[PDB]
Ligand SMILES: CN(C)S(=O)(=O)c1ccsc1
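What follows is a single chain, given as structure tokens, in the form solved without ligand 0OC.
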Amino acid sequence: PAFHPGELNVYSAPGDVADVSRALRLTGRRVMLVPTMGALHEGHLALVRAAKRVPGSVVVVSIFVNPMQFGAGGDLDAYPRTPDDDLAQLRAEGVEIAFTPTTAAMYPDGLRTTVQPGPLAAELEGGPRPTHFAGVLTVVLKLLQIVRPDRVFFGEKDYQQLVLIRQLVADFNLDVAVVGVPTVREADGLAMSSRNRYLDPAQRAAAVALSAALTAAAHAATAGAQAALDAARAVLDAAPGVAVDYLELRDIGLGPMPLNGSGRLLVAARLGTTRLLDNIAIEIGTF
């Protein structure tokens, strides 16, 4: 396959991007991978920019709405698809490679061999969606094998996902650096998300409560965990039509260890039918 430097090259065939990546790597360039499901926003662009600043980088952005990480009807069909906007954004950002595989190219044998995540996948986001993270980790493993990047970039917004990807990389001895990039926010604090488009004006106004609650908690935390959680709860309680699914303060690895001084506070809430996530670093007893 041809590679035209300094412009966007789009490859659909896994073999094509694998060949181009291999060839680039062999000439000294360092391959950076930003895996996405399209519907690109400023959060994704932050990832692209982080990747682009690595000296000698060539940036590969994958766009693939992975059916394996969705449960039956109708989340997969409802996922936003804005391909023309996505590719326009990548061109504007100076990205040289977009990898846009088909479902058939990624899953020619259906679901056969898959990744089984550790117990974290059953908690928080995985509670009512027990197969979700197996879908995520299976596709990320495949993308890593196809592209063979030196570094792979993920937002901190989906923090549990990022932790599970670090687990994947450690547990399977993958030779890639996982880079977590801090959450990009709207001016009022709202975390970037492709689901923000489903907030009507009232819901958009109310949605500020998630980030306001988290940031209140982070500052309250000088007074301890209870104070932090209660400050967040108070802000969420004050918000019209925010229905909290969970609000949890955990150790930074979200694993089988108690909170000791460095934590992550995670929230998920519904505004109408729209489920929003956010999270923040918490230091306990630290001003």
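Numbers follow the displayed sequence, beginning with 1. So that the term is clear: the rigid core is the largest set of C-alpha atoms that superpose within 1.5 Å between two forms. Shifts are known only where both forms have a C-alpha.
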Tell whether, across the other compared PDB entries, at least a third have no coordinates for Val184. no
Hey, does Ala72 drop out of the model in a third or more of the other PDB entries compared here? yes
Of 220 to 228 vs 247 to 255, the stretch with the larger average CA B-factor in the entry is 247 to 255
Stretch with the higher entry mean CA B-factor, where the candidates are 182 to 190 and 163 to 171: 182 to 190
Identify, among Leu45, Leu26, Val61, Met37, the residue whose C-alpha carries the highest B-factor in the deposited PDB entry. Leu26
Could you say which of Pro149, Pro128, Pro101, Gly155 has its CA atom at the highest B factor, as listed in the PDB entry? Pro128
Third of the chain, ranked by Cα B-factor, where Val20 sits: highest
Taking the chain's C-alpha temperature factors as the reference, tell me which third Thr82 falls into: lowest, middle or highest. highest
What third of the chain, by the recorded C-alpha B-factor, contains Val31? middle
If you rank every modelled residue in this chain by C-alpha B factor, which third holds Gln69: lowest, middle or highest? middle
Chain third (lowest, middle, highest) by recorded CA B-factor, residue given as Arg195: highest
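In what follows, reference is made to the form deposited with ligand 0OC bound, a form of this protein that is not presented.
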Residue-level contact is defined here as any heavy atom of the residue lying within 4.5 Å of ligand 0OC in the deposited bound form; does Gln161 satisfy this criterion? yes
Using 4.5 Å between non-hydrogen atoms, is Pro256 touching ligand 0OC in the deposited bound form? no
With the partner left out of view, is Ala239 within 4.5 angstroms of ligand 0OC in the deposited bound form by any non-hydrogen atom? yes
How about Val136 - does it come within 4.5 Å of ligand 0OC in the deposited bound form, if we only consider non-hydrogen atoms? yes
Work out which of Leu199, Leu143, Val169, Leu120 lies within 4.5 Å of ligand 0OC in the deposited bound form, going by heavy atoms. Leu143
Option touching ligand 0OC, based on a heavy atom within 4.5 Å in the deposited bound form, out of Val147, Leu90, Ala209, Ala217: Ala209
Partner contacts for 24 to 54, taking ligand 0OC in the deposited bound form and a 4.5 Å heavy atom cut-off: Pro35, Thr36, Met37
Tell me, which of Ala227, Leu259, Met37, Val244 is the one whose C-alpha shifts by at least 2 Å between this form and the one not shown, with the rigid core superposed? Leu259
Please check whether, in the deposited bound form, the CA atoms of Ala223 and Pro256 lie closer or farther apart than here, given a change of 3 Å or more. closer
Relative to what is shown, are the Cα atoms of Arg166 and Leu259 closer or farther apart in the deposited bound form, where the gap shifts by 3 Å or more? farther
With the core held fixed, contiguous blocks of 3 or more residues moving 2 Å or more at C-alpha between this form and the one not shown run 255 to 260
